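Enquirer: Kindly return the folded structure for what I paste below:
(chains A, B, C, D, E and F)
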Amino acid sequence: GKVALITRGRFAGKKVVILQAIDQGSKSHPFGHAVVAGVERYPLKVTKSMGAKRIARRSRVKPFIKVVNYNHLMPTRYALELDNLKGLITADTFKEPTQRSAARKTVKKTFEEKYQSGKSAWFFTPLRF
Amino acid sequence: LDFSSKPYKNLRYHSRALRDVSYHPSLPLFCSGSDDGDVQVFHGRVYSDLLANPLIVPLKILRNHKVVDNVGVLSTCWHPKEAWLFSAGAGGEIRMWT
Amino acid sequence: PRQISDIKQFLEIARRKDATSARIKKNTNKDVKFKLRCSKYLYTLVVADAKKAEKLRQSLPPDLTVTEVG
Amino acid sequence: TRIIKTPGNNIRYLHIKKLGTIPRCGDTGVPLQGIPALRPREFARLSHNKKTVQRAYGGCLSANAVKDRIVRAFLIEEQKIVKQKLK
Amino acid sequence: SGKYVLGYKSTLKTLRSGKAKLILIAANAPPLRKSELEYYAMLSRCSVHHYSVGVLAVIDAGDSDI
RNA sequence: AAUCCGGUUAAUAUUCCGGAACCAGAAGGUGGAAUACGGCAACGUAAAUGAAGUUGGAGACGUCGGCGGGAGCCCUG
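Expert: Residues are numbered from 1 along each chain as shown, chains lettered A, B, ... in the order given. See the structure here:
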């Protein structure tokens, strides 16, 4: 549930939330790994003048679930927890891309609900650099 | 291998990730299993003639398979004698499409 | 000069109008080199099997200009 | 000029193209990694993936500089937030 | 007693994981390393000697006078 | 930015001939994907939106000495 940022790889400068920690070590990742789901495409600044389809398109966000090491991650004071974000992270979802795709779809749906509710605004807004 | 390094044909039947594909060692048929719970069965005749390209067309689309945790058909096996497909699901149920 | 090891691709290349002529050169190693000159590249296929070369020559498109060993 | 041997057993001096210099990082100045080292005109035909890395600011700065820039921005943001709270 | 992880990777590994109980970042250490150590110390209430071994990252104290 | 070989004259060749490529620019057409990706990582793939505005690299760089790699000439079986 702790908000984390990725400073390495393609998803550089992307905020993520630790759905399941693998810091205890794993055969796949012999390091302080952590399978987390973050936001790659932050929702655009939706304007009330825009249409309902226009608002949803701007508010659409692309999530991303990946496993990264603790060194590659960066802890943050802020933290967000979701009921649907607990228990849905497992090796089976990572192993099965269809399970991963459904996991990505569910995570985006939860994030879209969070963005629609106005929660996690700092996480929802992309960070500058 | 005799046509090109690029695939001779492409298919995207599965609504989910294409888990595995199996071609019968004897029967001129191929099967593809995916996590979508739908298994596609195709009949393909391959001729040794240079001008005779492989004619592969779909034959059936198996359905009515339970999907658990976004996982459907996982392992598909073809019978050594006839065109019978043994598909094992995520629920421990094995369907033998004779 | 791009040597091609796919017999079906060579037949497809001959099927397309990009091919201009095809020359079958008989080498000392008894390997038939089917060299077809296209607009942008020279397609050469070397077949050691005489029967396969004979089948390839028989199955070649009629529009293609079959050439003997120069 | 480069001297070569012709198939007609003739010695031919052929012009040699200048070796291309790999692009340098914007911040550090060190040559970039993962890209071809050819002339500016020759590298044009390469695709975007073959010309730019799959990372933020890829193709213009090194990855180590990118991590340093990200860390520096985070430290500056924390300092600015603390300064704003104190004020 | 308090074996030091002074360096670049050893100091970061000890500090980030919280292994380094006491940190003595010398003036020669990079400011980013000092700032990251300060951020890590703030997140875990660690001891930062901050000496005026680039960064003495002691895993423990034991017989240390600190 | 982008071309070599062999041959050819009374006097010509990277120009001519025969054969084989490369560059730039141009449209539409086909097919492929498209409604980008994996690895802690450096990095990689057939594709994989980017206006105004901002930044960088190459081009585009002083001189000498020694060493390594290769090529050719020469030497030698």
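Enquirer: what's the burial count for the closest residue to chain B within chain C?
Expert: Nearest residue of chain C to chain B, counting by Cβ to the nearest Cβ: residue C:8, 4.4 Å away. Just so you know, the C-beta spots here come from the backbone N, C-alpha and C atoms, and that holds for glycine as well. For residue C:8, the count of nearby residues is 17 (other Cβ atoms under 10 Å in any protein chain shown).
Enquirer: quick one: contacts for it?
Expert: B:2, B:3, B:4, B:50, B:53 (Cβ atoms under 8 Å, 6 or more residues apart in numbering or on different chains).
Enquirer: got the buried residues for the helix or strand hosting it?
Expert: Per DSSP states H and E: residue C:8 is located in helix C:7-15. By 16 or more other Cβ atoms under 10 Å in any protein chain shown, the buried positions in helix C:7-15 come out as C:7, C:8, C:9, C:10, C:11, C:13, C:14.
Enquirer: which of those lies closest to residue A:77?
Expert: Ranked by distance to residue A:77 (Cβ to Cβ), the buried residues of helix C:7-15 are led by residue C:9 at 61.0 Å.
Enquirer: helix/strand/coil for residue A:19?
Expert: strand (DSSP: H, G, I helix; E, B strand; the rest coil).
Enquirer: Could you measure from it over to residue B:93?
Expert: Using Cβ to Cβ, to the nearest Å, we find residue A:19 at a distance of 30 Å from residue B:93.
Enquirer: Same check on residue B:37?
Expert: Per Cβ to Cβ, residue B:37 is found 11 Å from residue B:93.
Enquirer: Smallest distance to chain B belongs to which residue of chain E?
Expert: Chain E approaches chain B most closely through residue E:17 (33.4 Å), counting by Cβ to the nearest Cβ.
Enquirer: all helices in chain E, in order from the N-terminus.
Expert: For chain E, applying DSSP state H gives helices covering E:9-16, E:31-44.
Enquirer: any idea how far chain D is from the nearest residue to residue C:34 once chain neighbours are set aside?
Expert: In this structure, residue C:34 finds its nearest non-sequential neighbour in residue C:45, 4.6 Å apart by Cβ to Cβ, 6 or more residues apart in numbering or on different chains. Distance, residue C:45 to chain D, using Cβ to the nearest Cβ, to the nearest Å: 24 Å.
Enquirer: And the residue nearest the centre of chain C?
Expert: Chain C has residue C:34 as the residue nearest its centroid, 3.0 Å off, counting by Cα atoms, centre = their mean.
Enquirer: Just the element for that one, please.
Expert: Short version, using DSSP H and E: residue C:34 is in strand C:32-38.
Enquirer: so the closest residue to residue A:20 other than its chain neighbours, which of the three states?
Expert: Closest residue to residue A:20 apart from its sequence neighbours, by Cβ to Cβ, 6+ apart: residue A:89 at 3.6 Å. With three-state DSSP as the basis, residue A:89 sits in coil.
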